[PDB]
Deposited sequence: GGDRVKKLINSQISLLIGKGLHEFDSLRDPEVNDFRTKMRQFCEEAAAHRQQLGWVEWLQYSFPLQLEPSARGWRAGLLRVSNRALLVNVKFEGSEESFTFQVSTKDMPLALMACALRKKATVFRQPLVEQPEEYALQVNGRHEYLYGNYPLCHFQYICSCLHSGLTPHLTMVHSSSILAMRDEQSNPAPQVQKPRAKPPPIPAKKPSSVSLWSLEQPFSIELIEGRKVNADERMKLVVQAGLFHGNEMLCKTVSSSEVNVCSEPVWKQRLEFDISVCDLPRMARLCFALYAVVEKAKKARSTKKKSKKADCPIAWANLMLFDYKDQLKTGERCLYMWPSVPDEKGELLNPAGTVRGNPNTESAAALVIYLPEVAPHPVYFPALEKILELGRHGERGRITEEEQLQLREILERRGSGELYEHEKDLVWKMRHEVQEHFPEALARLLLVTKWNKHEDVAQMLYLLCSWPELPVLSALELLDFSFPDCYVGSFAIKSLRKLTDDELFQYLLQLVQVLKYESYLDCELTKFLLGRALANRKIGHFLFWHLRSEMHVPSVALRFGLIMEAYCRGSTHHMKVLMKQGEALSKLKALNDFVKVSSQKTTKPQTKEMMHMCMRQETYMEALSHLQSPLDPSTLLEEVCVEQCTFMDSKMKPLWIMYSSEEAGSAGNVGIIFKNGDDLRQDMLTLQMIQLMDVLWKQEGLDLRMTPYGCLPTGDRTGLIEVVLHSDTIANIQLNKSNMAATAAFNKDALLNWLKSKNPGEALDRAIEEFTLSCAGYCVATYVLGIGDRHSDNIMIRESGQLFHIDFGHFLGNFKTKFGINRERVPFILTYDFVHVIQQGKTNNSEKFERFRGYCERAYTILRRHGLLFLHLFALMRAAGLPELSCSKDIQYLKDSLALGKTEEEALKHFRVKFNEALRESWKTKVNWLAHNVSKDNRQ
């Protein structure tokens, strides 16, 4: 008590939902989750508080390595010892490991301080100055992202020697405070009693459409009520009998409802699991608080609408199918039934038919019959074809499900790629999901981080609160502070969505039990975001009444207040926990002229020097979820290309929704839009004789002498990357104001509100302004242009080879409820852009035709 009461009030404020609201529900599923997950997260907390000092560096500052390093050249480094003004600058090689650098700094200190030190290089770690980032382990310096960045930008790495006792003092201070169905052969049936708080046109009639689903797949035909006159409280009091026995209902069977008005006018929909969280087949009266429709929705949540006051409610009755409670058979009873079967002793000709269709993904009924018959052969010689076999399994026949389950329980572990496919709502079985998680345990923290966003969306397909995916995500989050950081923010940003608020709020509470210190760290971030919202509202009001210089001076005065200076300063960035947002640079803060007046907040850090000069963009009113997905997809391409030794110098900057139409974007400094550069302002070092000269002149002024060639090369590489990225993703609405260029020459895209050709197929784009720079400012430079076409081809063929990874990830994102990622049609776009139904030669020929057709469109600007 007292500390417990304080933690409870801090979790409530952090998650944006009072913990008392969980207790008011009086829900045993909610109560069992809270107790079990608190227990699981506190065990993780205790494991962590006793980690070795290097293990605790791995928890708190996971290594940031180059994609080529996962799984020569001279370098100048600056090293100081913790809390010392004195630093040493020395020459090392990119091939040297941190230990060699540390042993060298220790020899330098020993000679300066005139004593042979007690300390060995094994006792230290190198912190990147003013950053929550460390260099450690047996990796050459070039394999670290920080060193790599310093090399490309020519800057000097600045490192601090941190002794193991100082790391241990970090661990210690951050501590959690001290403490039988199968005999029921009758057809499935329900009583549709009545409707409540129903709003519809009195000239029409009300109908309830009802279906039995196992994921998206129907277990039998849909059934409908009789038409009853429209009113607030319609009364059906009728029996709805489905064509499927009670014994054949799979574990993950859901009963789906849709209420509508007819002369079709959709009103509401509601779903429920037929078995509870404790495997008991549901009986008795159920009051279903319906969700308003935008006709059956099986992917929809199986929990009632919390707004009980305004929601239309359907009252149903689940009949007593037995005198005693009926539970779903345990795994031992399932195995014993499915263990008995017949193996596919079939001809060598039909074996060639099977091999063909398993390596080939829709298939004709006779092929489904053959796949099912040859299921033993599928397990033994094609284990990666599990997803195809699971789709041919008859989920409405309990004996077929037992036979599938028996094979799954002895199925070998699958690659991460195959596992991600199995998390799709198309594989709704709980043992399948459990198996998918089992095959994902081998994900590295870097891979997990790359797919975290999609795994969090998968939580919306879960039928129960306590699931293997929640346990997996919590355990990985409590084992890695960066995973924990982003898991929190992905959950927090959806607390305003009623369908997920309970599930997401419960996961965040469990996590907080696991890391009291991190809760306080995220509270610091939440307080800055609260002040940014109040600051932005002020700007939106102030900007409609006065001029921008007046609103800017006001925003500054508001920021200069004690409460603002305190809340806005000294925090870890929500976009990147490695980034410390130290002193807010009020004078450099401003806002944009657009409708929502986004804020531009600048920071500085004495300790980080030039690297501490960072900015964040705060947006309130705009929805940044699609931008975040596109930027994560661009970053994925960048990793995939770097794994083949192809660095296209991309700028996948941070973008993170943090709340309801609220989020942050990472400022990329030393950059300007193509439109600003092309405005061709007079009395500037870039003023052009021809508007086409503007970008190159601007590049010339920023990169004098020999630096220009490096800048043209960076432009060319990034240009090839973004031409491929925008084409594959179907990024449209591309204009001079949503294309940026860095002083280094790097081109990058911004504002991804429209993707996947949003509906019209986006053609490959090539601009003459960009062609002019690639060609070093020459009319004819085929050597340079075709070297650019080589980069686009190479980048495109690498992406194609990971085509299925993009497909599986985008299929998982359908759960996000993004207006441009709703159906199969939206993903056909990525299937076409990657030309996945073709050979590498057929696809490359298609890309060439698409690139050439974009070169002719480009020449309509050149001709003038």
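By the record, the deposited chain contains unmodelled runs at 1-2, 74-82, 191-210, 295-310, 342-347, 414-416, 815-822, 929-940, with no C-alpha atoms placed there.
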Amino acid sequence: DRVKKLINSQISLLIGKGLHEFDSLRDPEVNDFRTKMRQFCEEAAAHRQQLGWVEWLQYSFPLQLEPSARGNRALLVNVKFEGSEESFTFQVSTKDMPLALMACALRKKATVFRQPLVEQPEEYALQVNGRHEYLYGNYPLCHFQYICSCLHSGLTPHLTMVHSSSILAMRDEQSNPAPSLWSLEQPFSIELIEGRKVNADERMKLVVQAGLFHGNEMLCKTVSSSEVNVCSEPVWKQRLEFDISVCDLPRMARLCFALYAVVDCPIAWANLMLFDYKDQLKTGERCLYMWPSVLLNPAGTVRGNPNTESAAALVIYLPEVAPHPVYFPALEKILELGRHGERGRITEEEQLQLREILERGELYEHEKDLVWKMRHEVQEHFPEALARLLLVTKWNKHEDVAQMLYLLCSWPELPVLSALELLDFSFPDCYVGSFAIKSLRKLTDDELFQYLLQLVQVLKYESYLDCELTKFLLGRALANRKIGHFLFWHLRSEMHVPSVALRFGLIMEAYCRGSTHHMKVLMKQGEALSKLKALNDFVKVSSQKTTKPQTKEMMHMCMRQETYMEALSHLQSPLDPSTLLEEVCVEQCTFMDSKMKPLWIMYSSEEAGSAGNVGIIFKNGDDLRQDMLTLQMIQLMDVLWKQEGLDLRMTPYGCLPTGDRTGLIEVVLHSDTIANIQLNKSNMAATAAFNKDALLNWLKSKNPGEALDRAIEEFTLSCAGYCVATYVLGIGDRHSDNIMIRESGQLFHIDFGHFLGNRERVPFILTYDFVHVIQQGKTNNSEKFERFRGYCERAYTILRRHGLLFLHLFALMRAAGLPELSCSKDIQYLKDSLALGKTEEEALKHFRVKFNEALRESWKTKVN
From here on, numbers count along this sequence of modelled residues.
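C-alpha atoms forming the largest set that superposes within 1.5 Å between two forms make up the rigid core.
Of the two segments 79-87 and 460-468, the one whose CA positions lie farther from the displayed form in 7 other deposited structures of this protein, once all are superposed on the rigid core, is 79-87. Greater average departure of CA atoms from the shown form, over structures and residues in 7 other deposited structures of this protein after a core fit, characterises 191-199 among 516-524 and 191-199.
Judged by the one-third criterion across other entries of this protein, residue 324, though modelled here, is missing from at least a third of those that model both its neighbours.
Looking at the other PDB entries for this protein, residue 759 is absent from the model in a third or more of those that include the residues around it. Set 697-705 against 652-660 and average the Cα temperature factors; 697-705 ends up higher. The stretch 826-834 shows the higher mean C-alpha B-factor when 50-58 is compared against 826-834 in the entry. Comparing the C-alpha B-factors of 617, 417, 354, 253 in the entry, the top value falls on 354. Each of 45, 69, 795, 811 has a CA temperature factor in the record; the biggest one is found at 69. Compared with the other modelled residues of the chain, the Cα B-factor recorded for residue 122 ranks in the middle third. Per the PDB record, residue ranking by Cα B-factor puts residue 466 in the middle third of the chain. Ranked by C-alpha B-factor against the other modelled residues of its chain, residue 15 falls in the lowest third. In this PDB entry, residue 243 carries a Cα temperature factor that places it within the highest third of its chain's modelled residues.
Among all modelled residues in this chain, the alpha-carbon of residue 360 has a temperature factor (C-alpha) in the highest third.
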